[PDB]
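For reference, chains read A, B, C, D, E, F and G in written order, and residue numbers begin at 1 within each chain.
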Amino acid sequence: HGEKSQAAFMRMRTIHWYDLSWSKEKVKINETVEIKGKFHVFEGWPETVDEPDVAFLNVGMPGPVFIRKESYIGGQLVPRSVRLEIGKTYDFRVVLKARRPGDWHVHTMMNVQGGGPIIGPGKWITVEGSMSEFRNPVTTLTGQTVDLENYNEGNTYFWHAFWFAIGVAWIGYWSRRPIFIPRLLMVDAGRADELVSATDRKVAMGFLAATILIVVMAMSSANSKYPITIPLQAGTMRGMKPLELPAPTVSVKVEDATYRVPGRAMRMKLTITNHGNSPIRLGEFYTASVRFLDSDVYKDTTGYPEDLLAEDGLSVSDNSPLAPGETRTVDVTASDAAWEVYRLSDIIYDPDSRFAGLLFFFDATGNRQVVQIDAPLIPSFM
Amino acid sequence: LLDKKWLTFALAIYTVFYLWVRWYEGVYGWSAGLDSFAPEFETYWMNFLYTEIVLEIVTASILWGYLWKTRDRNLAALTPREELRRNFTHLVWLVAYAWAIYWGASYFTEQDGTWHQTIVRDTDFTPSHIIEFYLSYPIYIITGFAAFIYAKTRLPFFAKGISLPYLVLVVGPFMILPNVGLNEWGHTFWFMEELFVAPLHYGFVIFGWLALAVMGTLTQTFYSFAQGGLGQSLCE
Amino acid sequence: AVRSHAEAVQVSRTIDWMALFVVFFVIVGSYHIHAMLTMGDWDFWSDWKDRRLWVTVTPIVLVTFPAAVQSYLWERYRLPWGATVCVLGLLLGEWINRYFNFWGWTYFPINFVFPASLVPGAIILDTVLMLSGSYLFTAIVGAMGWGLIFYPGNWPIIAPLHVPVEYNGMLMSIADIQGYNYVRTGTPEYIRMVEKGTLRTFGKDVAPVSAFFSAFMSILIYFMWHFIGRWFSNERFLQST
Amino acid sequence: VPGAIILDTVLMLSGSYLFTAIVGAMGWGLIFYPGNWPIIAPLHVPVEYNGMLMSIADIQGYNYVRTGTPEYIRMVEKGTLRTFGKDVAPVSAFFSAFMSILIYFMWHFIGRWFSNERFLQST
Amino acid sequence: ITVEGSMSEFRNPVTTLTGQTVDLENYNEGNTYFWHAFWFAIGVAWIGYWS
Amino acid sequence: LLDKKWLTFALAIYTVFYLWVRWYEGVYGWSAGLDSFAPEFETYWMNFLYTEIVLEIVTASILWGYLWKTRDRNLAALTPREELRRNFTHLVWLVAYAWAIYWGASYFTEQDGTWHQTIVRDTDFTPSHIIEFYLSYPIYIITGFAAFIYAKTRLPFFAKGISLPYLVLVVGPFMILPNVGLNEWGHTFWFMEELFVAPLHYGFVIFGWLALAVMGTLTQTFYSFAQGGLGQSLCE
Amino acid sequence: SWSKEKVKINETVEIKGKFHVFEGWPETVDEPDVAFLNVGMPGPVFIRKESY
């Protein structure tokens, strides 16, 4: 819900999310929904964004309407920040547990230490039930099971109220007598030395000694109880395992790319060379969370968000099968209302008019090839 | 008569209006207020921004102009009892200023904090920003200017010169509003981290310090209270 | 003027209550702005309440307003609760926002978004000022105590959140699991300025070293802000602006 | 000149130096970019230059070689992930206006000192 | 590298996406001069009025 | 007589000398002046540096010594008409100082800018540096010192004490010349970028600010002008 | 490995071995872009003749 405002070229060339899947579209309270997919770190990472040396796999959502039970990059849990390598493709998996009823737009996002949020596609997930039914149990290494919704809440309230009461008692003790104007007049007109006299000093000594003694006793008691404590666990985690993708058998060279101002379409001319031994066909163009599909070649079945999915938004001038070894140049047009709804047309406002995306090529048997394209995007006005 | 029930209204108007504002932002925070380019955002928060800016400008102009036009020309022939009554009215103005300062610089400011740490900010005019920067800050600025003008135009102690502590207390917290330019600039550009303690926010901090001039302002009001009707009793 | 001695007393009492309201809530606004924009992120999150950065920063930036308000209130009225009133106002504003916005507007649990405790430090600062009225002695000893007692004062609250948990193959504290589970879309984990370990971290010294550094810097900041408050008390009449 | 005229007129009217520092400096900061827009607007016409999109000013900087001034030294807007919508120029203008208020306030007193007519008896 | 000729013969034409061809040697020079002279004249008029 | 034609010479000498210097650097900027290790660089710019440094030292010594030796011992028995004439001569000195300050701190300084942004600087003594740091800066320093000495030795107002604004106006711009050490150091070492706004250049900025003491200096000269021959007319 | 365990004054002792830089280098430690092969010892009780 935080994208459509970021720069179009920055959304195009940071991170490409694909193979996204959602386990469920509608859940109950305490029910789990799992989000899977892959993201590729673009080679032409913008210089204004710091390299993803420190990155965190986050969830885009309006507060804890879900709780993040687990999150994985590769196959290993990532509760801390992680290091990503430019040009690598990683697979991710986020497990969410429903907490608050309603209709929520859930995004998978990557926060980069020096570049800000990179928001992936968002999907509407319905939560039904009552928040009062939500439980977040956890078992500690000390052998006790607690609910994270209310654990330590009573202790926190008690201690804060106790110290607030001590401070209020001090202030009220001094506030029983007249406060501002008579004391000001006494201090000004001659030496005061009358508004602070025993047993006021004795009361202050008692307050100070009691404060120190209570702090020490409370610390000792909180050490006898909970004798086993550990510091906060933090630190960027290295050695994220990237996907070992096979080398693509399709090479694509972008010969100019244009978009009409104003308009809802993007046009580019591609020289596609088919290696390997199977006839390929262009089935998809993904630019920034928007999938332009050639419906005659490929159809989406993973429940991709409709406002981000162009079922027939990809038109190829000659999308006949490309025989192996054969090279041809075609005009590819990606047109959909999403191009203007998600403000991908506002790249005219950007200080770097370059686009990047993913082309998905499909053969007859159905196996697909992913190739990455990037080129300057030239607006056309007449 | 002396202190009248204008203090009750001074507390209640801010309390009720800001409770309604909190209800409004609780209802329209999500669901017309998350997406800054949705049409419903324009009808529920951009319209709110426009209406509140126009109403704040009109109210500030009317209130300040009325206070300045009804200024007491013959301050010399003011009885001590009337001076005491005017001092109490000025204290009511200061109470209203303190209440508005609380609502602006504590409640809605840390509400801006809890909004931005949990959503991805979509514009310079998030609902939180509309409520905090452009409603509560102008409201407390208007109240502070009105209190300063009332002191200058009704209290002989605060007449015959501009009180430095009062001017600081009134203008420093006002400088937080133009400081929003630093907030937006150092957030879009410098610092994409939501860090609430980022130096891009020290503009609020520095001019929040100037509210400490309330100490000198209040000792000045104490002296103004204790001019003719200082007692006796006190120091007797 | 005033009719009699009794009416003067009643007028003074009414002025006392109204001026206490004004002082308290102007301090609440200004002090809360300063605190939340100088220590707010650590104060917001239990998984930010660490032993190095939280313990270091919070007393240093929070001793500011108590020093100024003390330098005014004690000097002009012999009222030894400037630090206490500052800390109480900050705690009131913080708790109101935590309950009605952090837990009210958003639905973060209170045990996740509770603020830190500061009353022990405030009480030390106030009593050390009233006894031995020396402002220098206060800045040296009371600010030392204010810095040193911060972490022990908050330990009863945060200690239960530091119980170790075996969470999906990784060791995590309860506060760590809270930060992991309750998603902060705008606050990724790397923003967390917490103790991460160094090659020059010798033994079990992280908390005491941070506490002593905070106490020394608190001495310095108290010394500066005593004179800042001295200036802010000026009753001058700047003839023209 | 537009900013200077605003600063001078706002000072002469309402002789308050504080009012000048607040309002006139605000205007001085805000009117800078609109004042220069008639000059630089023709240089921002887009050009398709050898496969890449470039403004006329970009082509000027590219063509007219500055041996001592490579392109990376250029501290210009490059885009951020927190740049929301079409806000770059107004946000910068308002930040400049606020900082102009601050700098004007400081330099009023700096000039007050520089006016001193004191006779430092010995150096 | 030896260059022969006259600097006056140099041209730097460029065609914009708006369909106009301009010479980068002198494009916008007149507009820049005009606006700068206009604002300088306004300031000088203010100063002379007070002078 | 009063104001005589020494003002015309004061303007013309700087104008003509600096026009010739500009012609010289236009002729020998390229082509004996690009390569700092070429033999022609030594004959056209290193020799220029040596000659200009020697001549500046000699001229400063002679001018300052003459002005100090011909100082007026009997300032008390100075008629108001002669005081007015000496005030006009001091104003001519200040005009020469302002002209030299312009030529040094604006023309040749931004000329140094346009030289360094377009060539690769080869030494600490590029032709631009020779003209700006070691010719124009010493020239305006000499003029400022001479004006200060003339004021102190001929004007009773500027006698009996060292005027703080005049001392600042005279010495601060002088401090730009030793600041060249920071320019060279932070350029060879700190900062290899030609950035004209680099903090290595804030030494010129800080001591360029001290030229604002001309305001206090000029109100002092106005008072010195209006001592005996203040009028009447003015304020009458 | 250590060439000798007990040496005379002016006698040479050689220390050899291998070190592997761990892939999971902690983020709190800067990457070993600038590293120095040093000897841990209580002052110059030995002099470093050579290091490779």
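Assume contacts are C-beta pairs under 8 Å (C-beta built on N, C-alpha and C of every residue); 3 or more make two chains touch, one makes a residue touch a chain.
Chain-to-protein mapping (UniProt): A = Particulate methane monooxygenase alpha subunit; B, F = Ammonia monooxygenase/methane monooxygenase, subunit C family protein; C = Particulate methane monooxygenase beta subunit.
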>> Comparing the two chain pairs, does A-C have more C-beta contacts than C-G, or is it the other way round?
In response: A-C
> To lay chain B over its twin chain F by CA atoms, how big a turn is needed, in degrees to the nearest 5?
Replying inline: 120
>> Can you compute the centre-to-centre distance for chain D and chain F, using the mean CA position of each chain? Integer Å is fine.
In response: 30
>> Using mean CA coordinates as chain centres, what's the gap between chain A and chain F in Å?
In response: 61
> Any idea how many Å lie between the Cα centroids of chain B and chain C?
Replying inline: 23
>> Taking the mean of the C-alpha atoms as each chain's centre, how many Å separate chain B from chain E?
In response: 50
>> Touching at least two other chains at once: which residues of chain C meet that condition?
In response: 9, 12, 15, 19, 76, 106, 108, 185-186, 196-197, 240-241
> Using the touch rule from the top of the page, what residues of chain A touch 2 or more other chains?
Replying inline: 2, 5, 54, 60, 62-63, 81, 109, 115-117, 180-182, 184, 235-236, 343, 378-379
> Which chain B residues touch at least two other chains?
Replying inline: 36-37, 118-123, 167, 192-193, 218-219, 222, 225, 230, 234
>> Going by the touch rule stated at the top, which chains touch which?
In response: A-B, A-C, A-D, A-E, A-G, B-C, B-D, C-D, C-G, D-E, D-F
> Can you name the residues of chain A that touch chain G in the complex?
Replying inline: 54, 81, 83, 235-239
> Quick one: in the complex, what on chain A touches chain D?
Replying inline: 5-7, 9-10, 14, 46-49, 115-118, 256, 343, 346, 349-353, 376-379
> Of all residues in chain C, which touch chain A in the complex?
Replying inline: 9, 12-13, 15-16, 19-20, 47, 49-51, 75-81, 84-85, 87-88, 91-92, 95, 106-111, 114-115, 117-120, 122-124, 126-128, 130-131, 145, 149, 152-153, 155-157, 159-178, 180-183, 185-186, 188-190, 192, 194-197, 206
> Once bound in the complex, which stretches of chain F touch chain D?
Replying inline: 116-121, 160-165, 167-168, 193-195, 209-210, 212-213, 215-216, 219-220, 223
> Contact residues on chain C for chain G in the complex?
Replying inline: 196-199
